[PDB]
Amino acid sequence: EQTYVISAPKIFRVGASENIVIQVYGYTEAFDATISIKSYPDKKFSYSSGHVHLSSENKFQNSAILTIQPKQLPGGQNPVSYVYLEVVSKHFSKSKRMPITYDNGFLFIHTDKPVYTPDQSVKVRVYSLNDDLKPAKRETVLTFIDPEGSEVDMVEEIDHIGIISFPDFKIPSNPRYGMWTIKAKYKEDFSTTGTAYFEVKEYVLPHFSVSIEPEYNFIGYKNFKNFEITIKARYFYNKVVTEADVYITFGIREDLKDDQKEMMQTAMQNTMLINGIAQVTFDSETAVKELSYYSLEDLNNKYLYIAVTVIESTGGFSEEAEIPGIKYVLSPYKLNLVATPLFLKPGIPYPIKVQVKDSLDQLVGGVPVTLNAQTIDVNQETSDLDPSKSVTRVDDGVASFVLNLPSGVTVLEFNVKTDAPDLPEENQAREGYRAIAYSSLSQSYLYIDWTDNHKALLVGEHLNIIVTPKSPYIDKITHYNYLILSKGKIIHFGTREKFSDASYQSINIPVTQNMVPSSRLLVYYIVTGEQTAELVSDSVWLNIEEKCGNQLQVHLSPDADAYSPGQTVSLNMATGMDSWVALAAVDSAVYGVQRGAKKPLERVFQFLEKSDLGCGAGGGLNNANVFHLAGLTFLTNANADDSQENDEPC
Amino acid sequence: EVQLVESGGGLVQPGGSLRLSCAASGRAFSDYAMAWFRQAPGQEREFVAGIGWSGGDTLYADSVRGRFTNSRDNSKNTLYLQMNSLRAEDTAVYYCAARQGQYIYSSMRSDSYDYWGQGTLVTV
Amino acid sequence: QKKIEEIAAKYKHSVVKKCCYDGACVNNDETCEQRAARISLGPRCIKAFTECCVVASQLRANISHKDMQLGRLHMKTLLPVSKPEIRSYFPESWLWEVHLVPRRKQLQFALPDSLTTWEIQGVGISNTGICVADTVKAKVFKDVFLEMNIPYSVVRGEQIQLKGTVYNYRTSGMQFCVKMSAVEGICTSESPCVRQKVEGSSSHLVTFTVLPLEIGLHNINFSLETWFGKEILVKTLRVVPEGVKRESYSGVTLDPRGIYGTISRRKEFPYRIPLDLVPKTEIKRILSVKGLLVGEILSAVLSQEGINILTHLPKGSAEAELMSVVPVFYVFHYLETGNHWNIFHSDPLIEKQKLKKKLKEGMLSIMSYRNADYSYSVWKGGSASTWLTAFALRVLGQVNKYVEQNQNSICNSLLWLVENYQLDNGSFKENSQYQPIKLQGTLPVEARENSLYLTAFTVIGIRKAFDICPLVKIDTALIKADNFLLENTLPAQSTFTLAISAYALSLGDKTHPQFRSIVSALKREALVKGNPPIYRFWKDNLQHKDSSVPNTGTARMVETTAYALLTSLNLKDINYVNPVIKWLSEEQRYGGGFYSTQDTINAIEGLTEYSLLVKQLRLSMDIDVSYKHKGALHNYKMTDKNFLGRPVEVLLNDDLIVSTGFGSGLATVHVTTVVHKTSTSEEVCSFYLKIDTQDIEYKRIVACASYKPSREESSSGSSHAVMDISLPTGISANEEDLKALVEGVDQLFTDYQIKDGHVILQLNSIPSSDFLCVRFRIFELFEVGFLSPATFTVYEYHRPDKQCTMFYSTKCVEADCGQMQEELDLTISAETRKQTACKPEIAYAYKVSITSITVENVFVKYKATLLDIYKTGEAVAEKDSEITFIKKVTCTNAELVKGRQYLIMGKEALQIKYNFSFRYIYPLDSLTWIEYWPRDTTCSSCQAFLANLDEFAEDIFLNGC
Ligand SMILES: *[C@@H]1O[C@H](CO)[C@@H](O)[C@H](O)[C@H]1NC(C)=O
C-alpha cells in the first residue's frame, strides 16, 4: 500500500504566494511530481506550475510556491469562482475543484482623531499590506461618505513604501454632523476593502462640567437594593459649583448601539448640589418591578440608562450629562473553555479546562467549579456520570477536569457550573457544552495535546507536543506527519519516526517567527488497510506571543511624565532593521470612555487574524472535518470521501 | 499548601536498582499532576518521569524510558520510582514535584511546577 | 407634565411633535395665536402648536417655579431626538509625519502650548511586516498658572475692571502674588503686590481696574510670582475709538497709453477731514497698487488666504458659504484659461495643485444646505428655496469645469427646480417666504417685476449647469422660461429686471429678433460720463421714472452694470465695454469685493472674462507715490515678475499724488479711508429704529426695526435683512434666548450668531406697517464705569446702502478735557493772565459767547460768537462768525451755561478742508483757559474783577509779552 497526501490552503488567493505541500509514502528511490493550477473551464490553460523532486534525501516531501497572477485572469467584471488544483507524476494523477477569493490585502485606515469639530482638518493615512504581511506598493482609492450616504470626495494616491499618506480632509465651516464613513479599496486587481468611522459633532460652549460617578460599572445582587451615585459639577479647571438643583431620570436600555430606551417614570428629584458634590441612592427593585419586568433574571445583559440635568441656582444656567448604560449582571462570573476541542476520541481521557472571568473580563481565582455530564452510546443508552469538582487555579484562572469515558461513547453532553460560597443558586454562572466522537471506519483514532497550555510559546524556544493514538494496527504505523499553519498559509511540514515500543511519543517543534501571531498544528498518521489506507488526524490551536519582526520602541528624553508647555524635547525611535515609521501625537482626552468603539491602533491584532481560515480549538468529526477546521483541503488515494460543496470555511 | 518529602536515595553501583519514594503532606494526591525531576550540580533541572491524572497517563524522558518505572499507591499516598540499569549520567539530586490540577499529561517543564520537595541524592 | 405627554402621544406619525414642543416653550411677550401666525409648515403643525401652547399656559398659574422647571426638563427629554454635539474641544493633532529609520533615528521639536495629556503612537512598516509600538504618554501640564479674561475691544475713557483667575493644582494650599506692568498710555488710577492665598486644589479670583487713555494695541504684561517659579504673561488690550467706523473708497485706473480710453497718468487723492470726526484720532488710509484689472483678487487671496471677500457681511446664510468659494474659482479660471501659471517664482504645478484643493474644500461647504431631494435651503434645516437652488446650480456649474461635480446630484437638483415651481406660462415661483430683493412699483407691478427677476435668475443658473445634465425636460423648461422672458421684458418697469433678463437670454439663442430689441432698450438706458465716454454705468431705476442721477454707487448700481457687461461680453461688443470696465475697476475695493453679494459675483465674472477676452499686455510701468507738500512716500517698478506687491499704510496727513511715467499695461490703484465719526444725521436712514434696556424680575434688550419704503417702493416690506447689535463693553448676551428664537417652528429670526461682541440676527423680511422686535436677556460679565454707548445697525443684505445706524447704551476720571476757572475774581492776577497767554503752546486767546448746546456721542458741540479778538496765531477767526468747540461730556470741572460769555484761550486749533471752504474747529483740553465773564453787573467783587480783566485785555492786544 502506497499513499500520497497533497496539502493546500482551503481557498486560493489571487496574487498570493500559496505554498503547496506534497508528502508521499510507500515510494522508493527517486521520482518527480508536477504541481499545477489550471482553469476550471479548461485544464489547457496554466495559471502557474512548479517542479518538485521527491527522494530519500528529501524524505519524499517537498514544497512548491504557486501564484495565480492577476494579469492572467480576464478583466471583465464577472469574477472567476473556481480553479483546478492538479498533481501529475509518473505514478498518479489527481485533481480538485478550488474556490478563489479576490480578498488578498489588508487596509487599515488611520485617522488622527475619532471625533472632530467644524473647520478642523482630518489627517488620514492608510497602511496597506499584502497577504504575506509585506509593504506591497499598490495604488489605493479613498472615498469619503457623509452621514446621509453621499460620496462627497474621492482621492487616489500611489503607494511607495507601504504607508500611503493622503491629503487632509477639510471639514466645512457648517458641515453635516454625525457619523462619517471612509472606504478604502484597490484601483485595479483585488476586492479587498478597509473601513473606518469618525463622528463630526458641533461644538457648544459649556457653562460648567457635569460628572456622574456610579458605585460600580455593573450591578450585581449586592447592589440590587441600593446603588450609590455621586454627581459632581465644577466650573472650568479647579473651580467648583457652589449651589445647584439636580434632577435625575432613569431608563432601561437594550443595547448601547440602539438609541431606543424604556423610561421609568418613578425618578428621583430635587436633590442639592452642595460645594460641588451631590449624592443619591437608586433602589433598583422598586423602580423596575412596578414599571417593568418582575424578576432580575429578565434583566440580565440589559443596561440602565441614566440622565442628569443640573441647573445652577444663582445664574440660572443649565447643563446636561448622561450615562449611556450600566449593564445589569445576573452572575459575577462568566465561563468559557480554553484549549479544549469539542471532539471525543474513544479510549482516550477527555480533558476539560474551564476558565472564570468577572464582568471586567479578568481571571478570577479560587473559584470552585462543579462539572456534571451525560453520556450517549451507539445504542442510544444514556448513562449519568459521577460529578467531579475542581477549584480554579489563581495563576491562570483555570479549573481543570479529566473524564474517563467508555470506549463506545459517541456524544458527551456536559454542563459546568460555579459553586461560590457567597453566591445564591440563581446568581451562579452556568454553561453547557457538547462533544461528538471522531468517526473512523477502522476504529482508529488520534489525539494530540499540548501540555504547555499556559506559556506564551516564546519564539526561539521549542514545542514539545505529545502525540497519543489509541487504535488497533498501532504497531504497523511507520511515522507521524505534521503540517504547521499560520495566517492561512502552510509554513512548515515534516515527519517524525514513530517508536514501535512506546504508546505515546514526544514530538519536538522549534517555534519560528512565521508562527508569532497564531498557529495551527495538524498531525496525522496513515493506517494501512487491505482494502484502502485510512488517514487518522487531529489538530490543535497554538496561541503564540505577539512579537514584532522589527520591534519599534519610541522614547522621550526627558523621561518624566509631567512636561511643561513649549518644552524642547527629543524623540528617539529604534528598530531592529531599516523600517518606515508613521508617527502620531493625539490628545488622549479624545478617547476617554468608548461606547461601541475600538481603538484603531489595537484594532490590528484582531483584524489580522481573519486570514486564519481555521476556527475553534481544533479537532473534527472525521478526517476530512479535521482538515477542514484547520483551513485545509487535501487530495489522497487513501480516502475517497471528501467534503462536498464546502465553498467557504467557517 | 503541600509539603513534599523524598526518600530512598542512596549510593548504587552502575547497573544497580534503587527505589525512590515521594510522600505528600497535606494533600491526598487525588487526580492531581505530580512528577519526578533531577538536577545535576551546576546544571539546569530536567524532567525524568511523570504520571498525569491518577493512573491513566504516563510519560518518561527518552533518557530513562524503558529503564525507569513510575508507580503510585493511591491508598498509601506515595509515589514510587523504580530505577534500573543506572549509569553515571543518572547521578543527580532527585526532586519530587507536583502541580495543582487534573491534568492528563505530564509537563516536562520545571516552570509548570509549584510545590517542591527538599530532594534526595542519587550517586551512581 | 403627563398632561402634555398625552398630547404628544395623541397625534401620530411624528413631524408635529416639535410643533407641540416649541409651542409649550415660555414666551411671556406673545400670545399663542401670534406665535402660530408665523408657522409655514401647514395646518397639521398649527393645530398641535395651538393645543400644547394653551395647556402649558394654564398649568403655569397655580404652580410654583420649581414645578415649572420639572415640567420643562421632562419635555426637553424623550420628545426631541438626539443631537450630535460636544462640550469639549480637541486641538489639532501633530507629529503626523513619516520617517525612514536606519534602525535608530532621533528627531527634535517643541511641545505645543496646552494643558493636554498627549499620546504618541508609532507604527513601523518594513519587509518583515507591521509593528505597533508601545504607546508612550506625555502629559503637558502646569500646576500653577494665571489666566486673564481680556475683552475683544475697549472704548477709550472707560474704566474697565479686568478679571482673572489663578489655578492651583498642588495638593497643598499656597501664597501667591500677581502684579501688573504699567505701560505709559494706560492710567490705572494708582501709577505704582498685595498677597492673597489660594486653598489647595482650587482657585482664586483676580481683579484689576484700568482706564486706557490712548488708542491702539498696548503690550501689557502680567507677572505671576509664586515660590515654584515666576511667570510673565504677555497680553494686548485693543483700544478702539468712539463712534462708528466708516470706510470710504476712491478708485483710479492707470492706462498710460490710452488704449481702452483716455490717457490716465496722474490722479490726486485729496486729504479731507470728515465733519463729525472723533477728537484725537488719526485718519487711516491704506494704499493698494495691483497689477491687473483682476489683480486685487489675485494678490489678496494668494497672500492672506482671503476666504471671504465680504468680511463686513455676516456668515449664516448658505449664500455666504457659496461666496467663500467665489474668489478662488475666478482666480483659478484666469490662470488656467490664459495659461499664466508662470507668475509664481516657485513650481507652478504645486500652486495649481494647492488652488485646486482650496476650490474643493470651499465647494463642500454647501452640502449641508442640501435636502434629501437634492434641493437647497438658504438656512440649514429650513424650507427649500427656488432662488438659492438656482444660485447653487450656477456656482456648481461653473466650478464643474475645473473640479468635476457629482453628475447624479446636479441632475436631481435641476429637476427639482423645473418640476415643482414652474408655472404654466413658463415663469418661476418661490417656495419659501424668502424675499431676496425689494423692487419698485405698486402691488400688482411689484408682483410682475419679482416674477420676472426669479425667472431670469433661474434661467442663468440652469444655463451655467445645463451641459452637465443635458436633459430634454430642463431644456423644455428652458424654452418655456425663455419665451416668458422674451415677451414680458419689453414693457419694462426697471433697468434692474431688464438687465437680468438680457443676460439670461444672452445665455441661449442670441439670434432671436425680440432679444436684440431688449438689448437695444437696455443700451438706451446707459449713463455716460464724458464725450468720448470715459465711464459707462447703469442706474437700477428706469430713467423715465426717476431722472436724477446718483453721485455714488450702491449694490444695485454695481449689479445692474455687471449684468449689462456680461450681456455685452457674450455678444463680443468690445467697443462698448471699455468705459464700463473703467467704471467697475475704480468702483472696486482693496478687499477685492464690492458692496453686497450679488453685485460682487457678477462684477468679478465681468472683469475676469474681459481680461481673458482681450490680450493682456506685459506690465512695465514706473509707479511713484508721493505727497504734494511732504516728502516722497515710495515708488515701485511694476513688472510681470512682481505685481502682487505688499500694501502700504499712508501715515502722513497730506494730500496724496499718484503718478507714473511712460508705461505699458493697466494697473489699478485703490485707497480705502477709515475714519471714525460722532454722528449719523448726515447718513441716509432707511429704517425707523428704537432700542431700550429693561429690567425683568435680569436685564433684557428690546431692539425693534421697521422698513421705510421710498416714494416708488411698495408697502410689502423689506427683503432679506440683517440686524447687527453691538454690545457695550462688559455686557454679555444670553445665548439661550437667542437660540430659542430661531430653533423653533414659530421662529422670529432665521439665523443668529455672536461674533466679536456683536449679536447678528438675520431675517426674511422686515415689515413696513409695524415694528418687529428681538428680545433677549443680558448679563454683566464685569463692572464698567462711564460706559460708552454701543451701536445698533440694521440694513438690507443685498443692498447695504439702505441702512440706518443708531446709538444706545445700557484718579484719571477727567481725561485731558479741562478745568473751568472759579467764577468771579480770585488771586490769579492780570500779569499771570498774560504769561499764560504769551505761552508758545497757546495759539489763540479771545472772548466768546455761547449760542447753542448740542450733545452728540459723548461730545458736546458749542456754536459760539467771536466777540473781541486778543490773539490769532495760524488759523483765522473772523469777527461775528460761528465757531465750534468740543469737550468730553463726562467731566465735572468743565461745565458751560447757555447764554453766558466766557474768555477762552487754547493750545490746539484744527483746520478742516472740504476742498471748498476752510472751516475751523478748536479743541478743549487741560491747557485751555476758560473764565466766567458777567455782562456789566456791578456786584461787590465784580467791579474789581472787571478791573483786572480789562487790565489783561489791554496789554494782550498791545503786543506785550
Ligand atoms: C513686558 O512688556 C514689555 C513692554 O510691554 C516688553 O518689553 C516685554 O515683551 C515684556 N516682558 C517680557 C519678559 O516678555
# chains A, B, ... in the order shown; residues from 1 in each chain; ligands from 1
>>> interface_residues(of="chain A", to="chain C", cutoff="6 Å", atoms="only C-alpha atoms", output="CSV table (one decimal) with N, CA, C and O atoms, in the first residue's frame")
chain,number,residue,atom,x,y,z
A,133,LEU,N,1.9,40.0,4.7
A,133,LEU,CA,2.3,41.0,5.7
A,133,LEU,C,3.6,41.7,5.2
A,133,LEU,O,4.6,41.8,6.0
A,134,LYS,N,3.6,42.2,4.0
A,134,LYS,CA,4.7,42.9,3.4
A,134,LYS,C,4.1,44.2,2.8
A,134,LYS,O,2.9,44.3,2.6
A,172,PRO,N,-16.1,71.2,6.6
A,172,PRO,CA,-16.7,72.5,6.2
A,172,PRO,C,-17.0,73.3,7.5
A,172,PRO,O,-17.1,72.8,8.6
A,175,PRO,N,-20.8,71.9,8.6
A,175,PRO,CA,-20.8,70.6,7.9
A,175,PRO,C,-22.1,69.8,8.3
A,175,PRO,O,-22.8,70.2,9.2
A,176,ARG,N,-22.3,68.7,7.6
A,176,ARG,CA,-23.3,67.7,8.1
A,176,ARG,C,-22.7,66.9,9.3
A,176,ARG,O,-21.8,66.1,9.1
A,201,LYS,N,-19.2,66.4,15.4
A,201,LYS,CA,-20.1,67.0,16.3
A,201,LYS,C,-19.9,68.5,16.4
A,201,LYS,O,-18.8,69.0,16.2
A,202,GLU,N,-21.0,69.2,16.7
A,202,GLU,CA,-21.0,70.6,16.8
A,202,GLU,C,-20.5,71.0,18.1
A,202,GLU,O,-21.1,70.6,19.2
A,203,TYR,N,-19.5,71.9,18.2
A,203,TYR,CA,-19.0,72.4,19.5
A,203,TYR,C,-20.0,73.4,20.1
A,203,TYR,O,-20.5,74.3,19.4
A,204,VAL,N,-20.3,73.2,21.4
A,204,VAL,CA,-21.2,74.2,22.1
A,204,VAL,C,-20.4,74.5,23.4
A,204,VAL,O,-19.9,73.6,24.1
A,206,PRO,N,-19.7,75.1,27.0
A,206,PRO,CA,-20.3,74.7,28.2
A,206,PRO,C,-20.1,75.7,29.3
A,206,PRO,O,-19.1,76.4,29.4
A,238,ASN,N,-9.9,73.8,38.1
A,238,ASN,CA,-10.1,73.7,39.6
A,238,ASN,C,-11.4,74.3,40.2
A,238,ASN,O,-11.9,73.8,41.2
A,239,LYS,N,-12.0,75.4,39.6
A,239,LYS,CA,-13.2,76.0,40.2
A,239,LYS,C,-14.4,75.0,40.2
A,239,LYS,O,-14.5,74.2,39.2
A,548,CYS,N,7.0,41.6,17.3
A,548,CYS,CA,7.3,42.3,16.0
A,548,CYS,C,8.5,41.7,15.3
A,548,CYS,O,9.5,41.3,16.0
A,549,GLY,N,8.5,41.6,14.0
A,549,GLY,CA,9.6,41.2,13.3
A,549,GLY,C,10.7,42.3,13.3
A,549,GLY,O,11.9,41.9,13.4
A,552,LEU,N,9.7,48.1,17.2
A,552,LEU,CA,9.8,49.5,17.3
A,552,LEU,C,9.6,49.9,18.8
A,552,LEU,O,8.8,49.4,19.5
A,553,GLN,N,10.4,50.9,19.2
A,553,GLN,CA,10.3,51.5,20.5
A,553,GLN,C,10.6,52.9,20.4
A,553,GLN,O,11.6,53.3,19.7
A,561,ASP,N,6.9,61.9,33.3
A,561,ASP,CA,5.6,62.1,32.7
A,561,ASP,C,5.0,63.5,32.6
A,561,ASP,O,4.3,63.8,31.7
A,562,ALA,N,5.5,64.4,33.5
A,562,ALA,CA,5.0,65.7,33.5
A,562,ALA,C,6.0,66.7,32.8
A,562,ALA,O,7.1,66.8,33.2
A,563,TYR,N,5.5,67.3,31.8
A,563,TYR,CA,6.3,68.3,31.0
A,563,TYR,C,5.7,69.6,31.1
A,563,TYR,O,4.5,69.8,31.5
A,564,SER,N,6.4,70.6,30.7
A,564,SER,CA,5.9,72.0,30.7
A,564,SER,C,5.6,72.4,29.3
A,564,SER,O,6.2,71.8,28.3
A,565,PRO,N,4.7,73.4,29.1
A,565,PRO,CA,4.3,73.8,27.7
A,565,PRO,C,5.5,74.4,27.0
A,565,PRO,O,6.3,75.1,27.6
A,566,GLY,N,5.6,74.2,25.7
A,566,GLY,CA,6.7,74.7,24.9
A,566,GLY,C,8.1,74.1,25.1
A,566,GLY,O,9.1,74.6,24.6
A,567,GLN,N,8.2,73.0,25.9
A,567,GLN,CA,9.5,72.4,26.2
A,567,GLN,C,10.1,71.7,24.9
A,567,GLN,O,9.4,71.0,24.3
A,568,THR,N,11.3,72.0,24.7
A,568,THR,CA,12.0,71.4,23.6
A,568,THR,C,12.4,70.0,24.0
A,568,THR,O,13.1,69.8,25.1
A,569,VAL,N,12.0,68.9,23.3
A,569,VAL,CA,12.1,67.6,23.7
A,569,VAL,C,12.6,66.8,22.5
A,569,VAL,O,12.3,67.1,21.3
A,570,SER,N,13.3,65.7,22.7
A,570,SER,CA,13.8,64.8,21.7
A,570,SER,C,13.1,63.4,21.7
A,570,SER,O,12.9,62.9,22.8
A,571,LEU,N,12.7,62.9,20.5
A,571,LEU,CA,12.1,61.6,20.4
A,571,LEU,C,13.0,60.6,19.8
A,571,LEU,O,13.6,60.9,18.7
A,572,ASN,N,13.3,59.5,20.4
A,572,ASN,CA,14.2,58.5,20.0
A,572,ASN,C,13.4,57.3,19.5
A,572,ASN,O,12.7,56.7,20.2
A,573,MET,N,13.6,57.0,18.2
A,573,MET,CA,13.0,55.8,17.6
A,573,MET,C,14.0,54.8,17.3
A,573,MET,O,15.1,55.2,16.9
A,574,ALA,N,13.7,53.5,17.7
A,574,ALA,CA,14.7,52.4,17.5
A,574,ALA,C,14.0,51.2,16.9
A,574,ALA,O,13.0,50.8,17.4
A,575,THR,N,14.6,50.7,15.8
A,575,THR,CA,14.0,49.5,15.1
A,575,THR,C,15.1,48.4,15.0
A,575,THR,O,16.3,48.7,15.0
A,576,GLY,N,14.7,47.2,14.9
A,576,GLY,CA,15.6,46.1,14.6
A,576,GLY,C,16.3,46.2,13.3
A,576,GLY,O,17.5,46.0,13.2
A,577,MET,N,15.6,46.5,12.3
A,577,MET,CA,16.1,46.7,10.9
A,577,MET,C,15.5,48.0,10.4
A,577,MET,O,14.6,48.6,11.0
A,578,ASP,N,16.0,48.4,9.2
A,578,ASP,CA,15.6,49.6,8.5
A,578,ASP,C,14.1,49.6,8.2
A,578,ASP,O,13.6,48.6,7.5
A,579,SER,N,13.3,50.5,8.7
A,579,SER,CA,11.9,50.5,8.7
A,579,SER,C,11.3,51.9,8.5
A,579,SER,O,11.9,52.9,9.0
A,580,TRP,N,10.2,52.0,7.8
A,580,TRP,CA,9.5,53.2,7.7
A,580,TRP,C,8.6,53.3,9.0
A,580,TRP,O,8.3,52.2,9.6
A,581,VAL,N,8.3,54.5,9.5
A,581,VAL,CA,7.6,54.7,10.7
A,581,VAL,C,6.6,55.8,10.6
A,581,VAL,O,6.9,56.9,10.2
A,582,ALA,N,5.3,55.5,10.8
A,582,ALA,CA,4.3,56.5,10.8
A,582,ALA,C,4.0,56.9,12.2
A,582,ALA,O,3.7,56.1,13.1
A,583,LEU,N,4.2,58.2,12.5
A,583,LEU,CA,4.0,58.7,13.9
A,583,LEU,C,2.7,59.5,14.0
A,583,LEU,O,2.2,60.0,13.0
A,584,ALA,N,2.3,59.6,15.2
A,584,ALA,CA,1.1,60.4,15.5
A,584,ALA,C,1.2,60.9,17.0
A,584,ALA,O,1.7,60.3,17.8
A,585,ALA,N,0.6,62.1,17.2
A,585,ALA,CA,0.5,62.7,18.5
A,585,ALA,C,-0.9,63.2,18.7
A,585,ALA,O,-1.3,64.2,18.1
A,586,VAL,N,-1.6,62.5,19.6
A,586,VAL,CA,-3.1,62.8,19.7
A,586,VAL,C,-3.3,63.1,21.2
A,586,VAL,O,-2.8,62.4,22.1
A,587,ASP,N,-4.2,64.0,21.5
A,587,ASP,CA,-4.8,64.3,22.8
A,587,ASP,C,-5.5,63.1,23.3
A,587,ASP,O,-6.5,62.7,22.7
A,588,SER,N,-5.0,62.5,24.4
A,588,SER,CA,-5.7,61.2,24.9
A,588,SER,C,-7.1,61.5,25.3
A,588,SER,O,-7.9,60.5,25.3
>>> residues_near_ligand(ligand="ligand 1", cutoff="6 Å", atoms="only C-alpha atoms and all ligand atoms", output="list in words")
residues 219, 220 and 221 of chain C
>>> residues_around(residues="residue 113 in chain B", least_positions_apart="4", cutoff="9 Å", atoms="only C-alpha atoms", output="ChimeraX atom specification")
/B:34-35,97-100,107,109
>>> residues_around(residues="residue 42 in chain B", least_positions_apart="4", cutoff="12 Å", atoms="only C-alpha atoms", output="list in words")
residues 38, 92 and 93 of chain B
>>> write_last_selection(atoms="N, CA and C atoms", output="PDB file, in the first residue's frame")
ATOM      1  N   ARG B  38      15.205  15.858  38.167  1.00  0.00           N
ATOM      2  CA  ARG B  38      16.572  15.657  38.615  1.00  0.00           C
ATOM      3  C   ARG B  38      17.336  16.929  38.292  1.00  0.00           C
ATOM      4  N   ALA B  92      22.575  12.605  40.266  1.00  0.00           N
ATOM      5  CA  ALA B  92      21.874  13.880  40.417  1.00  0.00           C
ATOM      6  C   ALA B  92      21.156  13.854  41.757  1.00  0.00           C
ATOM      7  N   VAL B  93      20.792  15.039  42.240  1.00  0.00           N
ATOM      8  CA  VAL B  93      19.732  15.156  43.234  1.00  0.00           C
ATOM      9  C   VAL B  93      18.400  14.982  42.517  1.00  0.00           C
TER      10      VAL B  93
END
>>> atom_distance(atom1="CA of residue 122 in chain B", atom2="CA of residue 94 in chain B")
7.0 Å
>>> interface_residues(of="chain B", to="chain A", cutoff="10 Å", atoms="only C-alpha atoms", output="ChimeraX atom specification")
/B:31-32,53-54,56-62,65-66,100-109,111-112
>>> residues_around(residues="range 427-440 of chain C", least_positions_apart="2", cutoff="9 Å", atoms="only C-alpha atoms", output="compact mmCIF listing (two decimals) with C-alpha atoms, in the first residue's frame")
# COMPACT_ATOMS: atom_id res chain seq x y z
CA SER C 40 -45.27 77.92 7.44
CA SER C 377 -32.16 75.63 1.59
CA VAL C 378 -30.94 79.15 2.43
CA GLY C 382 -35.27 75.46 6.82
CA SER C 383 -37.56 75.23 3.83
CA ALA C 384 -36.20 74.68 0.33
CA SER C 385 -35.71 77.80 -1.80
CA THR C 386 -36.23 78.13 -5.55
CA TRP C 387 -33.84 81.12 -5.52
CA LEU C 417 -36.49 73.31 -9.88
CA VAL C 418 -38.40 72.75 -13.11
CA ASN C 420 -42.47 71.93 -8.97
CA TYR C 421 -42.01 75.71 -9.01
CA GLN C 422 -42.56 76.50 -12.70
CA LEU C 423 -45.97 77.88 -13.69
CA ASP C 424 -47.86 77.13 -16.92
CA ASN C 425 -46.68 80.37 -18.58
CA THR C 442 -47.27 99.23 -6.92
CA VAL C 445 -46.47 95.80 -10.65
CA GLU C 446 -44.09 94.56 -7.92
CA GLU C 449 -41.44 92.54 -11.50
CA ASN C 450 -40.48 89.96 -8.85
CA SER C 451 -41.74 87.12 -11.08
CA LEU C 452 -39.56 88.33 -13.99
CA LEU C 454 -36.80 84.98 -10.39
CA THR C 455 -37.49 83.58 -13.86
CA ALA C 456 -34.43 85.34 -15.29
CA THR C 458 -33.26 80.60 -12.57
CA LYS C 480 -40.89 77.95 -21.82
CA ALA C 481 -38.96 80.24 -19.46
CA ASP C 482 -37.08 81.95 -22.34
CA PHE C 484 -41.74 84.29 -20.86
CA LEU C 485 -38.60 86.46 -20.61
CA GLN C 493 -40.55 98.51 -15.11
CA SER C 494 -36.89 98.82 -14.07
CA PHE C 496 -32.52 96.02 -12.94
CA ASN C 541 -34.38 102.61 -11.88
CA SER C 710 -39.29 105.03 -0.72
CA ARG C 711 -41.69 107.02 -2.90
CA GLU C 712 -41.66 104.33 -5.59
CA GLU C 713 -41.28 101.39 -3.19
CA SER C 714 -44.25 99.20 -2.34
CA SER C 716 -44.82 94.86 1.12
CA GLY C 717 -41.85 95.33 3.47
CA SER C 718 -38.12 94.90 3.11
CA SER C 719 -36.17 91.96 1.72
CA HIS C 720 -33.54 89.70 3.41
CA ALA C 721 -32.29 91.83 6.32
CA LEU C 763 -34.38 87.79 8.69
CA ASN C 764 -36.57 87.05 5.67
CA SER C 765 -38.30 90.45 5.69
CA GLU C 796 -30.78 95.14 3.74
CA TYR C 797 -28.45 92.23 2.95
CA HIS C 798 -28.39 92.66 -0.84
CA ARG C 799 -28.48 96.44 -0.64
>>> select_by_dssp(residues="range 324-424 of chain A", states="strand (DSSP E or B)", output="PyMOL selection string")
chain A and resi 324-328+334-337+343-344+350-357+363+368-377+382-384+388-391+398-403+409-418
>>> select_by_dssp(residues="range 723-888 of chain C", states="alpha helix (DSSP H)", output="PyMOL selection string")
chain C and resi 735-740+832-835
>>> write_last_selection(atoms="N, CA and C atoms", output="short mmCIF file (atom, residue, chain, number, x, y, z; two decimals), in the first residue's frame")
data_model
loop_
_atom_site.label_atom_id
_atom_site.label_comp_id
_atom_site.auth_asym_id
_atom_site.auth_seq_id
_atom_site.Cartn_x
_atom_site.Cartn_y
_atom_site.Cartn_z
N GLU C 735 -27.34 83.40 25.34
CA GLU C 735 -27.49 82.66 24.08
C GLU C 735 -28.71 81.75 24.06
N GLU C 736 -29.25 81.38 25.23
CA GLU C 736 -30.42 80.51 25.25
C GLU C 736 -31.65 81.22 24.68
N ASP C 737 -31.86 82.49 25.04
CA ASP C 737 -32.97 83.26 24.48
C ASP C 737 -32.86 83.42 22.97
N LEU C 738 -31.64 83.66 22.46
CA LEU C 738 -31.43 83.82 21.03
C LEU C 738 -31.60 82.52 20.27
N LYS C 739 -31.07 81.42 20.81
CA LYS C 739 -31.25 80.09 20.22
C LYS C 739 -32.73 79.75 20.08
N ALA C 740 -33.52 80.01 21.13
CA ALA C 740 -34.95 79.70 21.17
C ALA C 740 -35.77 80.49 20.15
N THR C 832 -0.25 137.25 35.63
CA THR C 832 -0.31 135.80 35.44
C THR C 832 -1.27 135.38 34.33
N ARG C 833 -2.24 136.22 34.00
CA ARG C 833 -3.15 136.02 32.87
C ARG C 833 -2.48 136.31 31.53
N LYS C 834 -1.39 137.08 31.54
CA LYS C 834 -0.62 137.41 30.35
C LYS C 834 0.48 136.39 30.07
N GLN C 835 1.19 135.92 31.10
CA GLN C 835 2.22 134.90 30.90
C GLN C 835 1.62 133.59 30.39
#
>>> residues_around(residues="residue 78 in chain B", least_positions_apart="6", cutoff="8 Å", atoms="only C-alpha atoms", output="compact mmCIF listing (two decimals) with N, CA and C atoms, in the first residue's frame")
# COMPACT_ATOMS: atom_id res chain seq x y z
N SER B 21 11.01 7.13 46.87
CA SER B 21 9.66 7.29 47.41
C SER B 21 9.36 8.77 47.62
N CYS B 22 8.20 9.20 47.14
CA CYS B 22 7.70 10.56 47.31
C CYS B 22 6.45 10.58 48.19
N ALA B 23 6.56 11.24 49.34
CA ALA B 23 5.48 11.42 50.31
C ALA B 23 4.80 12.77 50.15
N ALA B 24 3.47 12.79 50.14
CA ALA B 24 2.82 14.09 50.06
C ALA B 24 2.20 14.34 51.42
N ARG B 72 2.26 4.58 41.50
CA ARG B 72 1.54 5.25 42.58
C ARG B 72 0.75 4.22 43.36
>>> residues_around(residues="residue 241 in chain A", least_positions_apart="5", cutoff="9 Å", atoms="only C-alpha atoms", output="list in words")
residues 208, 232, 233, 234, 235, 273, 274, 275, 276, 277 and 312 of chain A
